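Below is one structure; the comments refer to it alone.
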Amino acid sequence: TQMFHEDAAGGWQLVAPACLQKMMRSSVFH
Amino acid sequence: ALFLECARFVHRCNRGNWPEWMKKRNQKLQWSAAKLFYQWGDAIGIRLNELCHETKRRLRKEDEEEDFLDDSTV
Amino acid sequence: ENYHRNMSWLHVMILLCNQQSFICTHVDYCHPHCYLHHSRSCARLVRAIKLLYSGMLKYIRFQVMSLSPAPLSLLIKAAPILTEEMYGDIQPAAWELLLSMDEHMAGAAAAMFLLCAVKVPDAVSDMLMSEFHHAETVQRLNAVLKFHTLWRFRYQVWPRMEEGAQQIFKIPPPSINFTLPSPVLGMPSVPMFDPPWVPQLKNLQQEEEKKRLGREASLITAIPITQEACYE
Amino acid sequence: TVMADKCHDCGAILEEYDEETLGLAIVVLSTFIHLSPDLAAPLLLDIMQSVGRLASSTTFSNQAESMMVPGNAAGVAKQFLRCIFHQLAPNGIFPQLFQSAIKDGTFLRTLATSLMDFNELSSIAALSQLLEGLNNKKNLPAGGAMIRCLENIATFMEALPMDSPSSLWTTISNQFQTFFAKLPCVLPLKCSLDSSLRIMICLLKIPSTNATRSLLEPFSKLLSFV
Ligand SMILES: [Zn+2]
């Protein structure tokens, strides 16, 4: 999943309603 | 450099990489080459045998700048 | 005729590689005939020759690689024709040269001393006992370190010897008398958990935890790390 | 001070280590990369080049015989390269490596040789994965980076066994067709790109009698652009 990416400096790196998010993810809503 | 050129020539002759022109007469050439290599060995051996048979500051100075390309320090 | 058996320059080679001053502290100066000074001088000459210059560079980097081991590596090439006196004379030089910073010198000295121990076991044994029981702490420590260098270069004697050896220069094989049990009684070794050199979300987390526990339970200091990490 | 040897050009002390220490250092780097690729990513290029340097050298002059010495720092370095590129291949190490500028001009050759006999990820298979990663990428590297990518690919080609039959030429040919379809819309205008010609020359040497036959047409279009 994590993918190599050339950063802004030019070096390598490994990179792969907030309350409403809880409301939808909450099993009580289901 | 002379010594190393001769050394690499003897090495190539050892590998079978004889000079291209050589590669019955060639057998005689190889035999004579071995005899002459032994002649070289004998001469160099009897020469090396003859050759074998504040001061600290200058000793360190001499040792620390033994640049062979810069003669008069070797 | 018979040039390959009586080489006149064998003894002068021993005299050359035996006439260094191994007793030097290498502090603030070196003795004029100190062996480390000689090795540094040879390395400087090799660099000068390299800077002088095709195939010559290949010869320099593949068969010279230094100039100091030229005597020892010569005598190793003439081991079948060396007399016992020559072995006895070359033994102290090869012994002293085992602790060289230069790897080629150390390897050649180890090969030469192993050949000496193959040919003159009594003198080698006496020297080893004198060094191991020596009155100086430094001498005993150096004896153990030299033993370790011999152990390392144990496998690098036949390549340095001759392109057609081991048919001549017979070395007595280890004479095993008894036989091990027909099936080996225990496990030959415990495999190391998750070796770095072997190429291969609750499930991922538990797998990571299992791998971490296995690595923590496996002892890496108890395996040959470099031997197992080399390809075949 | 201890009497040591200096490099007359820079004044630094010359240092030499034995195989038991070089192999230990290689294994230490291997463990570090294995158990933490994210931390090793910034330092990955330098580590790979430094260990490929050891892989390139030969412990003994006997290049005819395989270096079967148990220590064999060269073999340890080869194992390091093989394991690193097998592990990080799914993470796109190949497009990232071939895009980046490589200081060690011999690292691509050492990578090709050390992965040549690898059965899990052959050098040919490594080339195929590099091509697949470049092709599947949403945006190909920019005009400046694409030149470096082509040069690195060509250098990798030079060290590949391009005459060796394998079950990949009918696949590498299609990958290269699709990868060359995009170059005219990527490469810069007035920059020398002989690396593409070197790649074409290497490709036209494959033993397949039919892969190059199909590859010839995108070759013609890219040559027209060039
Ligand atoms: Zn000294």
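We label chains A, B, ... in the order they appear in the structure tokens, count residues from 1 in each chain, and number ligands from 1 in the order shown.
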Environment of ligand 1 within 8 Å, counting only C-alpha atoms and all ligand atoms, reported as a PyMOL selection string:
(chain C and resi 21-27+29-31+34-37) or (chain D and resi 3)
Once DSSP has gone over the backbone, tell me which residues of stretch 3-230 of chain C are in alpha helix (DSSP H), as a PyMOL selection string.
chain C and resi 10-18+35-52+55-59+70-77+84-96+103-119+121-132+137-152+158-161+202-217+225-228
Using only C-alpha atoms, find which residues of chain D lie within 6 Å of chain C and jot them down as a list in words.
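Every residue meeting the condition is included here: residues 1, 2, 3, 23, 31, 61, 70, 71, 75, 76, 79 and 83 of chain D.
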Just to be explicit: take each residue in the selection above, keep N, CA, C and O atoms, and write the result as an mmCIF file, in the first residue's frame.
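That gives us out.cif:
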data_model
loop_
_atom_site.group_PDB
_atom_site.id
_atom_site.type_symbol
_atom_site.label_atom_id
_atom_site.label_comp_id
_atom_site.auth_asym_id
_atom_site.auth_seq_id
_atom_site.Cartn_x
_atom_site.Cartn_y
_atom_site.Cartn_z
ATOM 1 N N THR D 1 50.619 11.105 17.412
ATOM 2 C CA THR D 1 49.561 10.470 16.638
ATOM 3 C C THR D 1 50.075 9.219 15.936
ATOM 4 O O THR D 1 51.269 9.091 15.674
ATOM 5 N N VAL D 2 49.165 8.301 15.636
ATOM 6 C CA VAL D 2 49.530 7.040 15.002
ATOM 7 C C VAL D 2 49.895 7.301 13.548
ATOM 8 O O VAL D 2 49.164 7.987 12.824
ATOM 9 N N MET D 3 51.030 6.756 13.118
ATOM 10 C CA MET D 3 51.492 6.929 11.746
ATOM 11 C C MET D 3 50.599 6.122 10.813
ATOM 12 O O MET D 3 50.650 4.888 10.807
ATOM 13 N N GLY D 23 30.830 -7.516 6.031
ATOM 14 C CA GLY D 23 29.624 -8.321 6.005
ATOM 15 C C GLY D 23 28.681 -7.986 7.141
ATOM 16 O O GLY D 23 27.463 -7.949 6.959
ATOM 17 N N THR D 31 19.097 -5.467 7.890
ATOM 18 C CA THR D 31 18.099 -5.535 8.953
ATOM 19 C C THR D 31 17.379 -4.204 9.115
ATOM 20 O O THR D 31 16.151 -4.167 9.282
ATOM 21 N N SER D 61 41.217 -12.948 -7.375
ATOM 22 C CA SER D 61 41.364 -12.820 -8.819
ATOM 23 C C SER D 61 40.706 -13.962 -9.580
ATOM 24 O O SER D 61 40.511 -13.842 -10.795
ATOM 25 N N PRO D 70 33.118 -18.952 2.481
ATOM 26 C CA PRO D 70 31.974 -18.690 3.370
ATOM 27 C C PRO D 70 31.777 -17.224 3.721
ATOM 28 O O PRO D 70 30.629 -16.774 3.825
ATOM 29 N N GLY D 71 32.850 -16.462 3.911
ATOM 30 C CA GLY D 71 32.686 -15.058 4.237
ATOM 31 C C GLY D 71 32.172 -14.248 3.065
ATOM 32 O O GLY D 71 31.011 -13.829 3.062
ATOM 33 N N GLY D 75 29.334 -11.811 -1.935
ATOM 34 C CA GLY D 75 28.102 -12.581 -1.889
ATOM 35 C C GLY D 75 27.103 -12.013 -0.901
ATOM 36 O O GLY D 75 25.895 -12.015 -1.151
ATOM 37 N N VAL D 76 27.592 -11.514 0.234
ATOM 38 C CA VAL D 76 26.713 -10.863 1.199
ATOM 39 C C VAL D 76 26.075 -9.630 0.581
ATOM 40 O O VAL D 76 24.884 -9.363 0.779
ATOM 41 N N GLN D 79 23.370 -10.705 -1.811
ATOM 42 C CA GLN D 79 22.171 -11.088 -1.075
ATOM 43 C C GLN D 79 21.432 -9.864 -0.563
ATOM 44 O O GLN D 79 20.197 -9.824 -0.579
ATOM 45 N N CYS D 83 17.584 -9.154 -1.671
ATOM 46 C CA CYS D 83 16.516 -9.061 -0.682
ATOM 47 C C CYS D 83 15.876 -7.680 -0.675
ATOM 48 O O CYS D 83 14.651 -7.561 -0.573
#
Residues of chain D within 12 Å of chain B, counting only C-alpha atoms, what are they? List them as a PyMOL selection string.
chain D and resi 1-9+11+13
Would you put the residues from that selection into a file with N, CA, C and O atoms, as a PDB file, in the first residue's frame?
ATOM      1  N   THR D   1      50.619  11.105  17.412  1.00  0.00           N
ATOM      2  CA  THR D   1      49.561  10.470  16.638  1.00  0.00           C
ATOM      3  C   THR D   1      50.075   9.219  15.936  1.00  0.00           C
ATOM      4  O   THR D   1      51.269   9.091  15.674  1.00  0.00           O
ATOM      5  N   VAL D   2      49.165   8.301  15.636  1.00  0.00           N
ATOM      6  CA  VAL D   2      49.530   7.040  15.002  1.00  0.00           C
ATOM      7  C   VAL D   2      49.895   7.301  13.548  1.00  0.00           C
ATOM      8  O   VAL D   2      49.164   7.987  12.824  1.00  0.00           O
ATOM      9  N   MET D   3      51.030   6.756  13.118  1.00  0.00           N
ATOM     10  CA  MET D   3      51.492   6.929  11.746  1.00  0.00           C
ATOM     11  C   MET D   3      50.599   6.122  10.813  1.00  0.00           C
ATOM     12  O   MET D   3      50.650   4.888  10.807  1.00  0.00           O
ATOM     13  N   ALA D   4      49.779   6.813  10.028  1.00  0.00           N
ATOM     14  CA  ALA D   4      48.823   6.184   9.128  1.00  0.00           C
ATOM     15  C   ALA D   4      49.012   6.742   7.724  1.00  0.00           C
ATOM     16  O   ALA D   4      49.834   7.629   7.487  1.00  0.00           O
ATOM     17  N   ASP D   5      48.236   6.209   6.785  1.00  0.00           N
ATOM     18  CA  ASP D   5      48.302   6.612   5.389  1.00  0.00           C
ATOM     19  C   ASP D   5      47.185   7.598   5.083  1.00  0.00           C
ATOM     20  O   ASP D   5      46.043   7.412   5.511  1.00  0.00           O
ATOM     21  N   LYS D   6      47.522   8.647   4.341  1.00  0.00           N
ATOM     22  CA  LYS D   6      46.580   9.689   3.972  1.00  0.00           C
ATOM     23  C   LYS D   6      46.368   9.688   2.465  1.00  0.00           C
ATOM     24  O   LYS D   6      47.240   9.267   1.700  1.00  0.00           O
ATOM     25  N   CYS D   7      45.203  10.166   2.043  1.00  0.00           N
ATOM     26  CA  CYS D   7      44.946  10.436   0.634  1.00  0.00           C
ATOM     27  C   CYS D   7      45.522  11.808   0.319  1.00  0.00           C
ATOM     28  O   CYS D   7      45.053  12.820   0.846  1.00  0.00           O
ATOM     29  N   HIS D   8      46.542  11.844  -0.539  1.00  0.00           N
ATOM     30  CA  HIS D   8      47.243  13.093  -0.810  1.00  0.00           C
ATOM     31  C   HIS D   8      46.345  14.143  -1.446  1.00  0.00           C
ATOM     32  O   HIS D   8      46.641  15.338  -1.347  1.00  0.00           O
ATOM     33  N   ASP D   9      45.258  13.730  -2.098  1.00  0.00           N
ATOM     34  CA  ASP D   9      44.353  14.697  -2.709  1.00  0.00           C
ATOM     35  C   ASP D   9      43.492  15.408  -1.670  1.00  0.00           C
ATOM     36  O   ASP D   9      43.297  16.625  -1.756  1.00  0.00           O
ATOM     37  N   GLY D  11      43.585  14.533   2.045  1.00  0.00           N
ATOM     38  CA  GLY D  11      44.104  14.512   3.396  1.00  0.00           C
ATOM     39  C   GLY D  11      43.410  13.557   4.343  1.00  0.00           C
ATOM     40  O   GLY D  11      43.793  13.488   5.516  1.00  0.00           O
ATOM     41  N   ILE D  13      42.307  10.002   6.116  1.00  0.00           N
ATOM     42  CA  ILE D  13      43.002   8.765   6.444  1.00  0.00           C
ATOM     43  C   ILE D  13      42.409   7.621   5.636  1.00  0.00           C
ATOM     44  O   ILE D  13      41.188   7.422   5.612  1.00  0.00           O
TER      45      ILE D  13
END
Could the residues of chain B within 10 Å of chain C, counting only C-alpha atoms, be given as an mmCIF file with N, CA and C atoms, in the first residue's frame, please?
data_model
loop_
_atom_site.group_PDB
_atom_site.id
_atom_site.type_symbol
_atom_site.label_atom_id
_atom_site.label_comp_id
_atom_site.auth_asym_id
_atom_site.auth_seq_id
_atom_site.Cartn_x
_atom_site.Cartn_y
_atom_site.Cartn_z
ATOM 1 N N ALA B 1 57.380 0.680 -13.210
ATOM 2 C CA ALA B 1 56.510 0.452 -14.356
ATOM 3 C C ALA B 1 57.125 -0.554 -15.315
ATOM 4 N N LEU B 4 56.577 -3.904 -13.667
ATOM 5 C CA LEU B 4 55.189 -4.338 -13.732
ATOM 6 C C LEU B 4 54.773 -4.702 -15.151
ATOM 7 N N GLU B 5 55.308 -4.015 -16.161
ATOM 8 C CA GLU B 5 55.051 -4.423 -17.538
ATOM 9 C C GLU B 5 55.605 -5.814 -17.804
ATOM 10 N N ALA B 7 56.083 -8.074 -15.525
ATOM 11 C CA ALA B 7 55.283 -8.985 -14.718
ATOM 12 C C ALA B 7 53.985 -9.343 -15.422
ATOM 13 N N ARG B 8 53.304 -8.347 -15.987
ATOM 14 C CA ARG B 8 52.047 -8.637 -16.663
ATOM 15 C C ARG B 8 52.279 -9.402 -17.956
ATOM 16 N N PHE B 9 53.415 -9.182 -18.621
ATOM 17 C CA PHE B 9 53.721 -9.989 -19.798
ATOM 18 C C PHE B 9 53.926 -11.451 -19.424
ATOM 19 N N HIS B 11 52.693 -12.917 -16.843
ATOM 20 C CA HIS B 11 51.382 -13.416 -16.444
ATOM 21 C C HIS B 11 50.543 -13.802 -17.655
ATOM 22 N N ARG B 12 50.497 -12.932 -18.665
ATOM 23 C CA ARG B 12 49.721 -13.237 -19.861
ATOM 24 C C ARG B 12 50.278 -14.457 -20.581
ATOM 25 N N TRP B 31 59.284 -22.870 -24.858
ATOM 26 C CA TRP B 31 60.389 -23.407 -24.070
ATOM 27 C C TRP B 31 61.459 -22.348 -23.829
ATOM 28 N N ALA B 34 60.274 -19.827 -21.278
ATOM 29 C CA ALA B 34 60.416 -20.291 -19.902
ATOM 30 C C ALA B 34 61.864 -20.207 -19.438
ATOM 31 N N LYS B 35 62.804 -20.609 -20.294
ATOM 32 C CA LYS B 35 64.215 -20.515 -19.926
ATOM 33 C C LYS B 35 64.628 -19.071 -19.674
ATOM 34 N N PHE B 37 62.648 -16.575 -18.800
ATOM 35 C CA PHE B 37 62.025 -16.129 -17.563
ATOM 36 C C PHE B 37 62.824 -16.601 -16.362
ATOM 37 N N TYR B 38 63.335 -17.827 -16.413
ATOM 38 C CA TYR B 38 64.188 -18.277 -15.323
ATOM 39 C C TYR B 38 65.479 -17.472 -15.268
ATOM 40 N N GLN B 39 65.998 -17.058 -16.424
ATOM 41 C CA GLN B 39 67.172 -16.188 -16.435
ATOM 42 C C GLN B 39 66.880 -14.867 -15.738
ATOM 43 N N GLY B 41 64.614 -14.397 -13.452
ATOM 44 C CA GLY B 41 64.467 -14.685 -12.040
ATOM 45 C C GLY B 41 65.799 -14.830 -11.339
ATOM 46 N N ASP B 42 66.727 -15.557 -11.954
ATOM 47 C CA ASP B 42 68.039 -15.750 -11.355
ATOM 48 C C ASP B 42 68.777 -14.426 -11.211
ATOM 49 N N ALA B 43 68.752 -13.594 -12.258
ATOM 50 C CA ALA B 43 69.475 -12.328 -12.198
ATOM 51 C C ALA B 43 68.888 -11.407 -11.138
ATOM 52 N N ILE B 44 67.561 -11.289 -11.100
ATOM 53 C CA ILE B 44 66.925 -10.424 -10.115
ATOM 54 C C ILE B 44 67.149 -10.961 -8.708
ATOM 55 N N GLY B 45 67.157 -12.284 -8.551
ATOM 56 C CA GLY B 45 67.392 -12.855 -7.238
ATOM 57 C C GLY B 45 68.793 -12.592 -6.727
ATOM 58 N N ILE B 46 69.804 -12.773 -7.583
ATOM 59 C CA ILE B 46 71.169 -12.498 -7.141
ATOM 60 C C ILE B 46 71.456 -11.014 -7.037
ATOM 61 N N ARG B 47 70.621 -10.159 -7.624
ATOM 62 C CA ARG B 47 70.761 -8.738 -7.341
ATOM 63 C C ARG B 47 70.108 -8.348 -6.022
ATOM 64 N N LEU B 48 68.908 -8.865 -5.751
ATOM 65 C CA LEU B 48 68.249 -8.582 -4.482
ATOM 66 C C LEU B 48 69.032 -9.153 -3.314
ATOM 67 N N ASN B 49 69.715 -10.281 -3.516
ATOM 68 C CA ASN B 49 70.558 -10.822 -2.459
ATOM 69 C C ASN B 49 71.720 -9.890 -2.148
ATOM 70 N N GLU B 50 72.350 -9.327 -3.181
ATOM 71 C CA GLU B 50 73.422 -8.365 -2.951
ATOM 72 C C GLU B 50 72.899 -7.117 -2.261
ATOM 73 N N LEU B 51 71.729 -6.637 -2.679
ATOM 74 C CA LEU B 51 71.173 -5.434 -2.072
ATOM 75 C C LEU B 51 70.815 -5.662 -0.607
ATOM 76 N N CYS B 52 70.243 -6.823 -0.286
ATOM 77 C CA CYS B 52 69.897 -7.114 1.102
ATOM 78 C C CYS B 52 71.140 -7.233 1.971
ATOM 79 N N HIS B 53 72.200 -7.836 1.445
ATOM 80 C CA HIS B 53 73.460 -7.934 2.173
ATOM 81 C C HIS B 53 74.333 -6.714 1.916
ATOM 82 N N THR B 55 65.632 13.684 15.072
ATOM 83 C CA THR B 55 65.688 12.653 14.041
ATOM 84 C C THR B 55 64.310 12.055 13.793
ATOM 85 N N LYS B 56 63.529 11.862 14.857
ATOM 86 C CA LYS B 56 62.182 11.329 14.699
ATOM 87 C C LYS B 56 61.307 12.277 13.889
ATOM 88 N N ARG B 57 61.491 13.586 14.074
ATOM 89 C CA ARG B 57 60.712 14.559 13.315
ATOM 90 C C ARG B 57 60.987 14.437 11.820
ATOM 91 N N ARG B 58 62.264 14.366 11.436
ATOM 92 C CA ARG B 58 62.577 14.239 10.018
ATOM 93 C C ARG B 58 62.178 12.873 9.481
ATOM 94 N N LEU B 59 62.229 11.834 10.318
ATOM 95 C CA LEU B 59 61.774 10.518 9.887
ATOM 96 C C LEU B 59 60.286 10.539 9.566
ATOM 97 N N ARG B 60 59.488 11.155 10.441
ATOM 98 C CA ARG B 60 58.061 11.289 10.177
ATOM 99 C C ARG B 60 57.808 12.157 8.954
ATOM 100 N N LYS B 61 58.583 13.232 8.795
ATOM 101 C CA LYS B 61 58.413 14.101 7.636
ATOM 102 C C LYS B 61 58.673 13.342 6.342
ATOM 103 N N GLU B 62 59.749 12.555 6.306
ATOM 104 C CA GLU B 62 60.046 11.763 5.120
ATOM 105 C C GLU B 62 58.967 10.720 4.871
ATOM 106 N N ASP B 63 58.483 10.070 5.931
ATOM 107 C CA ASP B 63 57.505 9.003 5.749
ATOM 108 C C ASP B 63 56.158 9.543 5.289
ATOM 109 N N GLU B 64 55.796 10.751 5.713
ATOM 110 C CA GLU B 64 54.452 11.257 5.458
ATOM 111 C C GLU B 64 54.284 11.891 4.082
ATOM 112 N N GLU B 65 55.340 11.992 3.281
ATOM 113 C CA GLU B 65 55.237 12.624 1.968
ATOM 114 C C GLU B 65 55.996 11.822 0.920
ATOM 115 N N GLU B 66 55.965 10.495 1.034
ATOM 116 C CA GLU B 66 56.603 9.622 0.051
ATOM 117 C C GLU B 66 55.750 9.533 -1.216
ATOM 118 N N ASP B 67 55.529 10.688 -1.832
ATOM 119 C CA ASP B 67 54.805 10.743 -3.096
ATOM 120 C C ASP B 67 55.750 10.288 -4.196
ATOM 121 N N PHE B 68 55.460 9.131 -4.793
ATOM 122 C CA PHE B 68 56.362 8.577 -5.791
ATOM 123 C C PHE B 68 56.391 9.399 -7.069
ATOM 124 N N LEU B 69 55.276 10.026 -7.443
ATOM 125 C CA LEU B 69 55.289 10.896 -8.611
ATOM 126 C C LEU B 69 56.134 12.138 -8.373
ATOM 127 N N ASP B 70 56.339 12.513 -7.115
ATOM 128 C CA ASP B 70 57.234 13.614 -6.769
ATOM 129 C C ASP B 70 58.586 13.014 -6.415
ATOM 130 N N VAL B 74 61.828 9.927 -2.889
ATOM 131 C CA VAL B 74 61.763 8.472 -2.896
ATOM 132 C C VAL B 74 63.153 7.883 -3.108
#
Per residue of chain A within 9 Å of chain D, what are the shortest atom pair and its distance in Å to one decimal, counting only C-alpha atoms, with rows by chain and residue number, as JSON lines?
{"residue": "A:1", "atom": "CA", "partner": "D:91", "partner_atom": "CA", "distance": 7.3}
{"residue": "A:2", "atom": "CA", "partner": "D:91", "partner_atom": "CA", "distance": 6.2}
{"residue": "A:3", "atom": "CA", "partner": "D:91", "partner_atom": "CA", "distance": 4.6}
{"residue": "A:4", "atom": "CA", "partner": "D:92", "partner_atom": "CA", "distance": 5.6}
{"residue": "A:5", "atom": "CA", "partner": "D:96", "partner_atom": "CA", "distance": 6.9}
{"residue": "A:6", "atom": "CA", "partner": "D:96", "partner_atom": "CA", "distance": 7.2}
{"residue": "A:10", "atom": "CA", "partner": "D:100", "partner_atom": "CA", "distance": 8.7}
{"residue": "A:11", "atom": "CA", "partner": "D:42", "partner_atom": "CA", "distance": 5.7}
{"residue": "A:12", "atom": "CA", "partner": "D:42", "partner_atom": "CA", "distance": 4.9}
{"residue": "A:13", "atom": "CA", "partner": "D:41", "partner_atom": "CA", "distance": 5.0}
{"residue": "A:14", "atom": "CA", "partner": "D:38", "partner_atom": "CA", "distance": 5.3}
{"residue": "A:15", "atom": "CA", "partner": "D:38", "partner_atom": "CA", "distance": 8.2}
Find the residues around residue D:113 up to 8 Å (only C-alpha atoms counted), leave out those fewer than 4 positions away in its own chain, and share them as a compact mmCIF listing (two decimals) with C-alpha atoms, in the first residue's frame.
# COMPACT_ATOMS: atom_id res chain seq x y z
CA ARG D 109 25.39 -2.88 -13.84
CA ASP D 117 20.28 -15.31 -11.65
CA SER D 123 16.89 -8.81 -13.77
CA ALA D 159 24.06 -5.12 -18.59
CA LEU D 160 21.06 -7.31 -19.33
Go through D:145, D:108, D:127, D:140 and flag the residue nearest residue D:203, using only C-alpha atoms for the distances.
D:127
Could you tell me which of C:87, C:158, C:178, C:193 comes closest to residue C:122 if we count only C-alpha atoms?
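For residue C:122, the nearest of the given residues is C:87.
Between atom CA of residue D:135 and atom CA of residue D:179 there is a distance of 5.6 Å.
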Write out as a PyMOL selection string the residues lying within 10 Å of residue D:81, counting only C-alpha atoms and excluding same-chain residues fewer than 4 positions away.
(chain C and resi 197) or (chain D and resi 26+30+47-49+51-52+55+75-77+85-87+110-111+114-115)
